[PDB]
Amino acid sequence: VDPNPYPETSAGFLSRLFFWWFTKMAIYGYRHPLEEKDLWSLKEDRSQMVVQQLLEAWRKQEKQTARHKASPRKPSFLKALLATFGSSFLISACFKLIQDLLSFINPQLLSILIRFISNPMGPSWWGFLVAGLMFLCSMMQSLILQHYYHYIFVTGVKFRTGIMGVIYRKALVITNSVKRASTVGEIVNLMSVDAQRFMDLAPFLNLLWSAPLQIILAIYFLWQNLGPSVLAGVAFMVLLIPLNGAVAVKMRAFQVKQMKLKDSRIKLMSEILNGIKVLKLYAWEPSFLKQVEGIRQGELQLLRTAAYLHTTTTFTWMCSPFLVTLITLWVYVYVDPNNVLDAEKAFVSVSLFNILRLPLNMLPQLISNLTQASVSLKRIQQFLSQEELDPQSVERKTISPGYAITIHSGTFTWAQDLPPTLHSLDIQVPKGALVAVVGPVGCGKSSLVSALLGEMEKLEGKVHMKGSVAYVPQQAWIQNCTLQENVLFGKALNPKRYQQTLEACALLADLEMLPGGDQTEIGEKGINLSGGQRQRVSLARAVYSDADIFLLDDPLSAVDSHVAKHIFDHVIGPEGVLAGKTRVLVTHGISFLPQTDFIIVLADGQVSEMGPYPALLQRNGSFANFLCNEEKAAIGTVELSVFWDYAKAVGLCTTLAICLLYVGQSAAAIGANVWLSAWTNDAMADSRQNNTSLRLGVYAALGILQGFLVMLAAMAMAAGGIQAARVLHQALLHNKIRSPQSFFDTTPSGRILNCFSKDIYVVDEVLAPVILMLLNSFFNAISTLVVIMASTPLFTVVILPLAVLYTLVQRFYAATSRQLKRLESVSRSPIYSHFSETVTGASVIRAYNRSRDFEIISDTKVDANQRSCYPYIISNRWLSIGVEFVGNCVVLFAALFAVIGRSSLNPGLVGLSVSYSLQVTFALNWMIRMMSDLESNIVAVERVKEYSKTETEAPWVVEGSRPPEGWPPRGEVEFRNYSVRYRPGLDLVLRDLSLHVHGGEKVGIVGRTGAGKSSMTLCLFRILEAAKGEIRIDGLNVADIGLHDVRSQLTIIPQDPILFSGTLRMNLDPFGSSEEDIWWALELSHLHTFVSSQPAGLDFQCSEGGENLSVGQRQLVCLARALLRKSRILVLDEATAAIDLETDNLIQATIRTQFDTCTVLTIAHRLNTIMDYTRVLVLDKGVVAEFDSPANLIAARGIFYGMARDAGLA
């Protein structure tokens, strides 16, 4: 059958009520990695079926829409979504009415226990029954809610897969104008945004009837307990919905302001990363750092003015429950003097204030989602009802005799409003005749091919065509698959043809040029083929199809003219493979006209000439005018060390204070109730007390001490996470800028810029708000468990068994959930990439009669996300049935221990223990969601930590070794006994060099390819350390002096000119240290006339990569920075390979005239540049051939002479 089947199918009453069938995937995920082939197979939910049902309705209603508009009553998707999925929502309503009405039993059974502990003369059986019936009503409420959630969430995965398939079946029949009116980006956003909103509205649709009920019964059952006063309490819960929203608007304002400053830092980093060569060689690295720090300081201050908007959310979650209990039990005591609080009317009016809170807090979200989704159903109903291509404008069943294409009196217009492109066209191409439709400028002709494929409106006329059609478009379409697929579109591989077709189009050299061969992937996610390459693949698809009629549109566009004749003779023309086909070629040239059997030339939209090429010459009418014209990383567990690194960064001291202020808030709260639970016993023990002031006041103060202490903690985990961000980024930017040259070359820049963008973002704006919620929920649960154990001291035995069961469900859940939420992210993207190709290429997909095949390639892509969405929706139900059993066992054991020990408890303590215990599940579910976000998001402190530790280059400046006074002036660089290599683990690239250069003579370096000439420039600047020997300059080894001082004193006109974005003020000088010289050198380099021309002058803006300035000007720009440096030695590099002579000529005279009194060492990419140099060093395979004059080398027949004859210079 199938190797892996949806487990549900086979399960019994007890494994399908408690979701025990997800157990095996859960155990497997933690230990082994999960892959797309271990995900279960969908039930026979498969898109093919869901889409069928949604379409059937639209058709009935739209078929009846001809009737509905005729009786406007436009067809409505809403009536189809409701007929198709409407009976299922009605079942889900009943599971919600039973959870809503079985959640008010437990608050009312509590009132019976707090009215038993009061009567000593009651048989103990009454108590043990209320303890059991308070666990059964709790079990029946969980196993029902978690079975409504399975239906509401699975219905979401089926609205998205049904409004994502009625859209992809309309894009393939929509007329040309609608595609032109809306950008393809907007049309693939009726699946990306609009269908996905329908999946997220699904959970909050049955809250338009529940929320307005749980809030109208809870207020009634609190009217009975506390009187009209409970109305004040609800006001302080209905006036926090406005306030929490106001904090949120002020947060977005902060986030948008930040997204401006972060994007600036990433851009200056990108430019530093993509130029770390010249930034290091010139000593500019100390300066480009201060530019990045200045932008980081601005980002850090803006994060300080957003701690205050996160302390406010911790105050509402932690201290809002107490404030409703104070306003309510304050108004009640005043409103009338006689009212007396008892345990029932103070701990049953607290368990009924929690049931009101989850529903009243989700009333704002329901209005947002049900209002964003009215916009979507308006868009998803416009696309579904726009006009469609006319299926029978062209006639394919039969044809007029001895012909294939006949159009009589046909006029075609792209749009009803637009001017008609073609008028009364008449054509009758005979079978197998090459007809070339050539016409003058004014374009058109195009409308001939698109008219025949049926893609324009036949306002008047008739078109008849017979046979299969193959269309080569004006702009080619390449599918996202392999080249071998593009060549055979939906065809079986006859090897002979595959050889005949590619080679006949000469794609054979191209296939060898393809790195992966013909099997390579082409498309957006593929090697980018050349424009001419694109046209050839398209022609190939057609030639393989072996179709009866070939409508070719300007295939000969980007093709090489010489190569094109070969394609014409081999495939298009009479001697070519396509010789019995009927071909209509729309071309704009006279070269191929003689070959054509007959030529259809037309003027405006009216045919002018219908004759052979000889006839065209004799006609001499407008034809004459036309002629003249690892595995662990995939699981992702986080080691306990990655949490000791965040702590050391925040501060070990700030971390103690956050805890000792959260263990001081708990005490205050766990005591403020021990005061209510001593005030609610005042009436029983003594008939009347006058102490209501001393008892209201103290409770209000102990509550305010909880609030003062939690705000001080929340403000110390939000100002202690902006000390981690400063410490962690400031060190990545320092180790990375100083990393040795090899790291930049071996490691792609894309990875380094990932760390300075996405990972430094999490460390700053995500971890601090998710560690203030793991703590909040951990302390709402530790307080709740301390009261029960103190009130009934034996409840302790149960805490250790239930804690093991709670840890095990979290360990197995997080591991599996993470893997499933990654397999889903990778899967979702393909569904959208296919839609964009179907909208862009729908004319080739339809003309080759392959529309169905392309509707099934979608269903195999919308049935690969579902196979990973379903396993996740079940996983959050196998956990929610484990946290709910370790939360219903606290209600049974906190009410089976009060009844065992009735004699020592009092009505109030039994109320305080049991009341709290009904709220363990909310706290425990938040602690599992928040512990999972921290483990997923704290991988970032691991990467920032590992990039920061790479090895570093020698000190930029070392004291005690400062450079000697005026050390460069002797100007002689002696290489002595030196050996060097690019990376540890490679063979020496230079060997034992021994040289002495007289100060100032121009020693050119001439070398064979593979002689490591490029090592010479790097070795002098200590980019690469000396493996053995020295490069002492003027008696001073460069090794002893600090790397930075030596580099600044020397001039390098680098091979690649780089202009980082900014100002010519900075590009010429970042330090900026002569006020007037910047112009003088620039004209010396013939650049000032261009600089003065632009009105701005200095500070003319230079784009990213200095793109605005032309390469030639940029090369001189290098000469300019150098012109300012004025060092004793000058080092050129790769002077010219493709650069123009005028700049090249300019450089050599200037460097000869201005750099004359200096040692000049020029590596030479062309031996032509090195002429008249006093002493020339020839290098071969790391050996110096000789040190003598160039003419002398020629007379002595050195390797240089062999190169000189290669140039032929002499």
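Would you mind getting the Kirkwood hydrodynamic radius of segment 402-628 from its Cα pairs, rounded to one decimal in Å?
Kirkwood radius, segment 402-628: 18.5 Å.
Kindly rank 512-518, 1189-1195 from highest to lowest mean number of other beta carbons found within 10 Å of each residue.
The most tightly packed comes first, giving 1189-1195, 512-518.
Per q in 0.04 Å⁻¹, report the Debye log10 I(q)/I(0) for the chain, using one uniform scatterer on each alpha carbon and no solvent.
-0.38
Can you tell me what share of the DSSP beta bridges in segment 523-636 is antiparallel? A percent to the nearest 5 is fine.
Of the beta bridges lying entirely in segment 523-636, close to 50 percent run antiparallel.
Beta carbons within 10 angstrom, averaged per residue: use that to sort the peptides 549-555, 1136-1142, 600-606, highest first.
With the highest mean Cβ count within 10 Å placed first, the list reads 549-555, 600-606, 1136-1142.
Mind putting together the pair-distance distribution for segment 1107-1210? All Cα pairs, 5 Å bins, whole percent per bin, short to long.
2, 10, 20, 22, 18, 14, 9, 3, 1, 0
Report the label-to-label distance for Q723 and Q196 in nanometres (one decimal), using points 7 Å from each Cα along the Cα→Cβ vector.
Placing both labels 7 Å along Cα→Cβ, they lie 3.9 nm apart.
Return the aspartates and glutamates within reach of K290: Cα separation strictly under 16 angstrom, same-chain partners fewer than 8 residues apart disregarded; answer none if there are no such residues.
Excluding near neighbours in sequence, the set is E271, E299, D1069.
Quickly rank 188-201, 302-315 as a protection proxy: mean count of other C-beta atoms within 10 Å, highest first.
188-201, 302-315
Taking a spot 7 Å from the Cα of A181 along the direction of its beta carbon, which residues of segment 76-91 have an amide N less than 16 Å from it?
Residues passing the 16 Å test: none.
Which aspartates and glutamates does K1002 reach when only Cα atoms under 12 Å apart count, and residues fewer than 8 places away in its own chain are ignored?
Partners within reach: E972, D1156, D1172, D1188.
Where the only charges are on Cβ atoms (+1 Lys, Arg; -1 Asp, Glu), what is the dipole of the chain about its Cα centre, to the nearest 20 debye?
Here the size comes out at about 2880 debye.
For segment 157-283, how many pairs of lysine residues have a Cα-Cα distance under 29 Å, where the two are 8 or more positions apart or belong to different chains?
So the count works out to 13.
What shape does segment 760-828 take by its C-alpha gyration tensor, where a ≥ b ≥ c are the square roots of the eigenvalues and a/c under 1.5 counts as rounded, a/b above b/c as prolate, and the rest as oblate?
Since a/c reaches 1.5 but b/c is at least a/b, the shape of segment 760-828 is classed as oblate.
Okay, helix-only estimate at 222 nm for the chain: each DSSP H run of n ≥ 4 adds -39500 (n - 2.57), divide by all residues, round to 500 deg cm²/dmol; what do you get?
Dividing the helical sum by the residues of the chain leaves -17000 deg cm²/dmol.
List the pairs from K648/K949; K758/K861; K378/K821 whose alpha-carbon separation is above 22 Å, in the order I gave them.
Beyond 22 Å: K758/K861; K378/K821.
Using the Cα centre of the chain as origin and beta-carbon charges of +1 (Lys, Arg) and -1 (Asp, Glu), tell me which of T421, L712, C1118 is placed farthest towards the positive end of the dipole.
Selected residue: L712.
If I stretch the segment between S961 and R852 completely, what's the gain in nm (0.36 nm per residue apart, minus their alpha carbon distance), one decimal?
31.5 nm
How far is the Cα center of segment 285-339 from the Cα center of segment 1004-1079, in Å?
Taking the Cα centre of segment 1004-1079 as reference, the centre of segment 285-339 is 53 Å away.
Place a +1 charge on the Cβ of each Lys and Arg in segment 554-694 and a -1 charge on the Cβ of each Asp and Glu, then give the dipole magnitude about the Cα centre in debye, rounded to the nearest 20.
The dipole magnitude comes to about 180 debye.
Among DSSP beta bridges whose residues both lie in the chain, state the antiparallel percentage, nearest 5.
Bridges in the chain that DSSP calls antiparallel: roughly 50 percent.
Kirkwood hydrodynamic radius, segment 1-151, all distinct C-alpha pairs: what's the number in Å?
20.8 Å
Run the numbers for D569 and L243: contour at 0.36 nm per residue of separation, minus the present Cα-Cα distance, in nm.
Stretched fully, the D569-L243 segment lengthens by 109.6 nm.
If I take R0 = 56 Å and measure r between the Cβ atoms of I590 and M259 in this structure, what FRET efficiency does the formula 1/(1 + (r/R0)^6) give, to the nearest 0.05?
0.45
Once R0 is set to 41 Å, what does the formula 1/(1 + (r/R0)^6) return for the Cβ-Cβ distance between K397 and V441, expressed as a FRET efficiency to the nearest 0.05?
The computed FRET efficiency comes out at 0.60.
Quick one: putting +1 on the C-beta of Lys and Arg, -1 on the C-beta of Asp and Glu, what dipole do you get for segment 724-881 around its Cα centre, in Debye to the nearest 20?
Its charge dipole is roughly 160 debye.
Can you spot the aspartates and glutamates whose alpha carbon is less than 13 Å from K491's alpha carbon? Ignore those fewer than 8 places along the same chain.
Straight-line reach from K491, under 13 Å: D546, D853.
If R₀ is 35 angstrom, what is the calculated FRET efficiency for the pair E521 and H1044, using the beta carbon separation as r and rounding to 0.05?
E(calc), rounded to 0.05, equals 0.15.
Don't worry about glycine lacking a Cβ; one is built from the backbone with ideal geometry, like all the others, and counts go over all protein chains shown. Rule-based calculations on the coordinates, nothing more; no lab input.
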